[PDB]
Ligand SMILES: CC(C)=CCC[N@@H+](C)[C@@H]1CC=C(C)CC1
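Only one chain is given next, in structure tokens, and it is the form solved without this ligand.
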């Protein structure tokens, strides 16, 4: 139950100069609801309901976690794009749980794909059918990136089902699996809707953004999830844990490795895009801040179970952790009753 967690979290939030200041509560709510309403109606359709084998209460919690993530981090894109992006990332989160074996349904993947026959795996049947709604917002390059990262993600879940953290000595396994399930190219590429950006004019900055952001985004997530993980770890295989197993090092050394990579990633993100196209910098900035805001507020990450355990200290660490947590919750803490309604299950019947 290491409380060192506060130590690392602090220096990061400071370094990136975490402030957020994206949206006005009014705007946040407008977007949260818009995104949720379109996604909710989508998943409530009979076809989605039948092929997407997932516990209702679970689907509902997932959709709300995602709509928040998207709306909070893709702050500069249109409402429609947030909605469609919310549907795609909800599909990925749903899969993130399934314990069903993909093997039998992936045996004719390519032949069915090449022939244009519905994929055997229900998830693929749904994700592919819906994909054009996400791709219509982007140019061919970004679209390719979204397609690939989702394909990688699928493989990542496959591997995860084996709850394998790597052979001891397999130094390369940890990050390999992380990139495989991190959706980094999907995320970093969906940040550039053709409606506001030209892939050909910003090809280099977009490509660079996809490269640098892939690691920032996943590492920052592994760091924010270090609590929710170790706490009630259900035989988890997070990056940090796999670093321990595969690199034969303490859970402290591993955590210190992640934190260092994260601090460096943040440093370089700034030194590179700081002086480039201001509109690119603004999107990257809004993502970083909104992404941190989302992590601190979404319940799923049980970060409250920490604030209510250190609000008493006033030093450097645990002192500012509450100073930041305060900031975030003041713009990011919004009651679900203000946007997430009605529940998916309700629209499903009727």
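Residue numbers count along the first chain shown, from 1.
The discussion below concerns the form deposited with this ligand bound, not included here.
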* **Residue among 39, 66, 292, 284 with a heavy atom within 4.5 Å of this ligand in the entry with it bound** => 66
* Structure fact -> Checked 183, 206, 134, 255 for heavy atoms within 4.5 Å of this ligand in the entry with it bound; positive is 183
* residue 74 within 4.5 Å of this ligand in the entry with it bound, heavy atoms -> yes
* Mark residue 265 yes when one of its heavy atoms lies within 4.5 Å of a heavy atom of this ligand in the entry with it bound, and no otherwise. => no
* So, in the entry with it bound, is residue 231 in contact with this ligand at a 4.5 angstroms heavy atom limit? -> no
* Asked: Does this ligand come within 4.5 Å of any heavy atom of residue 217 in the entry with it bound?
  -> yes
* To do: Counting only non-hydrogen atoms, choose the one of 183 to 191, 246 to 254, 198 to 206, 164 to 172 that falls within 4.5 Å of this ligand in the entry with it bound.
  => 183 to 191
* this ligand in the entry with it bound: within 4.5 Å of a heavy atom of each of 98, 154 and 158? -> no
* Residues within stretch 194 to 215 having a non-hydrogen atom within 4.5 Å of this ligand in the entry with it bound -> none
